[PDB]
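> Kindly generate the corresponding structure for this input.
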Amino acid sequence: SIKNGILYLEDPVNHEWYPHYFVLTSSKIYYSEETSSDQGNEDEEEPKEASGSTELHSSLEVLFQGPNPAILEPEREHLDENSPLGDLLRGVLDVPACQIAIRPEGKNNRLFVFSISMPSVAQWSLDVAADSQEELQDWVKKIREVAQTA
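Numbers count the residues shown, from 1 in each chain. This is the structure:
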């Protein structure tokens, strides 16, 4: 995961720019719709909860899982750790075999839009736009940076 942000894309659902999540790996491109899952595990439908006269409550253990809690597993660093479990990739592609094409005049009120296309897949043509003109230009350079090193 070298790059991560909210990149736009003409969704086939309504054929229009849609702000969907986007990820960039050293040698791959991922994308998803982003579900409504975000720590939504604190609301159970029950006839009111009830606490007893017995419980626990320690301290100093929480701080041992704050400042970089990924140190108690010296197996891999800056790698695909818990990727296929705590993210669930919806889409994937190969970045080291495509050709980007910045477009200073996409369409439908979109001057900043770079269209992608691989010369060895099926004459395909993708389109993506970044809110920040910098993120857009920086995104293209990255695709070329990972492609030039893969």
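> which residue is nearest the centroid of the protein?
With distances taken as Cα atoms, centre = their mean, the residue of the chain nearest its centroid is residue 23 (3.5 Å).
> mind listing what that residue touches?
Listed by Cβ atoms under 8 Å, 6 or more residues apart in numbering, the contact set of residue 23 reads 1, 3-4, 29-31. Yep, even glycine has a C-beta here, placed from its N, CA and C like the rest.
> May I ask which two of these are separated the most?
In these, two members sit farther apart than any others by Cβ to Cβ. They are 1 and 31, at 12.7 Å.
> More neighbours: which of the two?
More neighbours surround residue 31 than the other of residue 1 and residue 31, with 19 against 15 (other Cβ atoms under 10 Å).
> Just grab the bridge partners of that one for me.
Taking DSSP bridges as the rule, residue 31 bridges to residue 22, residue 91.
> Give me the distance between it and residue 100.
In this view, residue 31 and residue 100 are 15 Å apart by Cβ to Cβ, to the nearest Å.
> And residue 117, by the same measure?
Taking Cβ to Cβ, one finds residue 117 at 8 Å from residue 100.
> what ranges do the strands span in this structure?
Counting by DSSP state E, the chain has strands at residues 3-11, 16-25, 28-31, 91-93, 99-103, 113-117, 126-130.
> Could you point out which of the ones you listed sits nearest residue 79?
Closest among these, using Cβ to Cβ: strand 16-25, at 10.5 Å.
> C-alpha coordinates for stretch 19-34, PDB please?
Provided in PDB are the C-alpha atoms of stretch 19-34 (Å, rounded to 0.1, in the frame of the first residue of the first chain):
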ATOM      1  CA  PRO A  19     -15.900   9.300  -5.300                       C
ATOM      2  CA  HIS A  20     -14.800   5.800  -4.500                       C
ATOM      3  CA  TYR A  21     -11.800   4.500  -2.500                       C
ATOM      4  CA  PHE A  22      -8.700   3.500  -4.300                       C
ATOM      5  CA  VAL A  23      -5.400   1.800  -3.300                       C
ATOM      6  CA  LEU A  24      -2.000   1.400  -5.000                       C
ATOM      7  CA  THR A  25       0.400  -1.400  -4.300                       C
ATOM      8  CA  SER A  26       4.100  -1.700  -5.200                       C
ATOM      9  CA  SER A  27       2.900  -3.800  -8.200                       C
ATOM     10  CA  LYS A  28      -0.900  -3.800  -8.200                       C
ATOM     11  CA  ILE A  29      -4.000  -1.600  -8.200                       C
ATOM     12  CA  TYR A  30      -6.900  -2.200  -5.800                       C
ATOM     13  CA  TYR A  31     -10.400  -0.600  -5.600                       C
ATOM     14  CA  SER A  32     -13.700  -1.000  -3.800                       C
ATOM     15  CA  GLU A  33     -17.100   0.600  -3.100                       C
ATOM     16  CA  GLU A  34     -16.400   0.900   0.600                       C
END
